[PDB]
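> Sharing an experimental structure here, sequence included.
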Amino acid sequence: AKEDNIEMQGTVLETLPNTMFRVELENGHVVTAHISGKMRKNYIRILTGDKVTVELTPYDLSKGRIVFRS
Amino acid sequence: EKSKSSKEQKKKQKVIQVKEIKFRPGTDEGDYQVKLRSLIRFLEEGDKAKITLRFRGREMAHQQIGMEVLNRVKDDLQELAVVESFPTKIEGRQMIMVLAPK
RNA sequence: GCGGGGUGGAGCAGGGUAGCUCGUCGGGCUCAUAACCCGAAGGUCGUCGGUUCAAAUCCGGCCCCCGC
RNA sequence: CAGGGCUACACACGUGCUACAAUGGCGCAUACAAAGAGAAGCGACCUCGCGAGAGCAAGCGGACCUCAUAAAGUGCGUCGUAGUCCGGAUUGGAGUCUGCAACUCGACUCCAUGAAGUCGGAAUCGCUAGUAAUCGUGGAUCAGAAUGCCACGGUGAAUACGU
RNA sequence: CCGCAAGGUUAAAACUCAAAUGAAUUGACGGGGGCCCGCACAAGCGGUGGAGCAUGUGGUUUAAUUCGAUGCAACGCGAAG
RNA sequence: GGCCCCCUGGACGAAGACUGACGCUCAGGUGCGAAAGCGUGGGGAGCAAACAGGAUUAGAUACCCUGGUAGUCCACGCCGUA
RNA sequence: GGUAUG
Ligand SMILES: NC(=O)OC[C@@H](O)C[C@H](NC(=O)[C@H]1NCCC[C@H]1O)C(=O)N[C@@H](Cc1c[nH]cn1)C(=O)N[C@H](C(=O)O)[C@H](O)c1c[nH]c(Cl)n1
Ligand SMILES: [K+]
Ligand SMILES: [K+]
Ligand SMILES: [K+]
Ligand SMILES: [K+]
Ligand SMILES: [Mg+2]
Ligand SMILES: [Mg+2]
Ligand SMILES: [Mg+2]
Ligand SMILES: [Mg+2]
Ligand SMILES: [Mg+2]
Ligand SMILES: [Mg+2]
């Protein structure tokens, strides 16, 4: 019933305070992503250079949620 | 004998020690500049510098981030320094460039 | 042009009689990491000989190489 | 379902076993245990084989029969400090047995081979007495396959001022 | 306003937070103090760490090297084959 | 915070005698006010910010060591805070 | 006896 997200791969270009990250996506746009709750709870660390899946919203293409780290 | 004194005057020859600034893969501009300053001093005051980068846990998987830091130091300390050693492999978790007074 | 020196990867000690520092790898210690601790591998020592009982050593050549 | 893998091997570590010898190895002779298992099982004597074993075949559901000579010991002989008459890894050849089947991947025997190892850096483990140490013995799993595990005796110490 | 100066004195607000704070209670912790115990140390005796081999694990390899156990309290552990 | 002298403020007790509410508090005001600090001039043994050298360390702009300037002392003025 | 850091 909720509106759908846009999943997209990207590389973490820098880490920011409190589990915030710059992530350059496939399309080349740099979004300020934040960690998912599930990844926070399960303690999956994210680092500069890590390849991440990012859920984006059409409401804002400068922001995302990192849902997976590969 | 006060002979000794001869050494005291001999000992007014000199001595170089190597001083070790440890960088980490993601140190920030502020602290880079602090540590960069430390090295300028070290070097200008006639000393060597074992610059070490020290990957920690998974960071060892993006060694190329590290190498860029070292390469930035080399490129800043350019007119003050020559680069005795650079590293290529990441023995242990370290990368231990040694710079010397130009 | 004139010199210095070429010594484990690193650089530096060392008339015969090759270490030391840091790499390099592994181990120990710790709940863990750095620190700390132990072990091993790395040279034949610029090269070429002469010459010395001795060749890093002595003496020269040469390769030099940068300083200049 | 068959075949393969769990047995891989530049390498790092845990727990073991066997050593480096003479307080020993080898030869010959000769003392002293405890505890346990057994029916498609334990299998004697006897015959054969260098031996692993094979054949024949009693007995025993066991304080009866069988596994089943304890070994270290003691005595005498030899070796004489050597990489050895130490060590027994590895490899070749030849076998035995279990199992439809031992190529990958068994155990054991025979002949040959005879590696590293000469008491182990930093560091680190166990133990206060029938203990540690050392010496054999048995059992469970199990067709076969222990240096592991679980039990059993033999010989049998040292040291503890102290916190 | 005061001061040569250093500064002092008088003294807000936007904003942001849902706390900040006091005393005491129970723990835990201290390179605080005091009293004890255990082969904890010390005293010993024998080992491990070196060697070869057995065995488990990591790693690496592989078509697969089945899964599980991971400081003490995984690693001759589940697996007594 | 040695001892001595000179000058000087307060407190307290004993008995009285005396004055007769003359009291209490106090915005503003005025003065005093550790140490550091400031100005001017002296002084300077010891100590010691800064600083210099020696160590330590991953680093050591520290703690530690050897030195050491302002200052600490005096006069006068300022500062007016703990 | 004193080193830091999660
Ligand atoms: N430097 C760095 O980055 O790290 C090193 C530092 O951690 C060493 C450590 N230092 C200390 O405690 C300081 N305590 C204060 C006096 C000075 C110093 O001593 C220390 O271990 N000290 C030792 C002496 C020492 C210095 N370097 C190597 N060893 C020491 O004995 N410290 C004493 C203690 O820990 O009780 C004590 O502080 C002391 C006595 N005398 C001195 Cl100096 N220090
Ligand atoms: K003001
Ligand atoms: K407010
Ligand atoms: K009044
Ligand atoms: K002074
Ligand atoms: Mg009053
Ligand atoms: Mg003053
Ligand atoms: Mg003055
Ligand atoms: Mg002083
Ligand atoms: Mg001082
Ligand atoms: Mg105040």
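Done, it's in. Residues are numbered from 1 along each chain as shown, chains lettered A, B, ... in the order given. Ligands and ions are numbered 1, 2, ... in the order given.
> From residue B:60, how far out is the residue of chain B found nearest RNA strand C?
Closest to RNA strand C within chain B is residue B:91: 2.9 Å, counting by Cβ to the nearest atom of the strand. For every residue, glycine as well, the C-beta is placed using N, CA and C. Distance of residue B:91 to residue B:60, given as Cβ to Cβ, to the nearest Å: 11 Å.
> Just say helix, strand or coil for residue B:12.
Secondary structure for residue B:12, judged by DSSP: H, G, I helix; E, B strand; the rest coil, is coil.
> Give me the neighbour count for it.
7 (other Cβ atoms under 10 Å in any protein chain shown).
> what does residue A:67 give?
17.
> same for the longest helix along chain B, what does it pack against?
Among the segments of chain B that qualify as a helix by DSSP state H, the longest is helix B:29-44. Contacts defined by 3 or more Cβ pairs under 8 Å, 6 or more residues apart in numbering or on different chains; DSSP states H and E place helix B:29-44 against strand B:48-50, helix B:63-76, strand B:98-101.
> Report all helices and strands that the last one contacts.
When contacts are defined as 3+ Cβ pairs under 8 Å, 6+ apart, strand B:98-101 sits against helix B:29-44, strand B:48-50, strand B:81-85.
> The closest residue to chain A within chain B: how many residues sit nearby?
Nearest residue of chain B to chain A (Cβ to the nearest Cβ) works out as residue B:62 at 3.3 Å. Counted with other Cβ under 10 Å, the neighbours of residue B:62 add up to 18.
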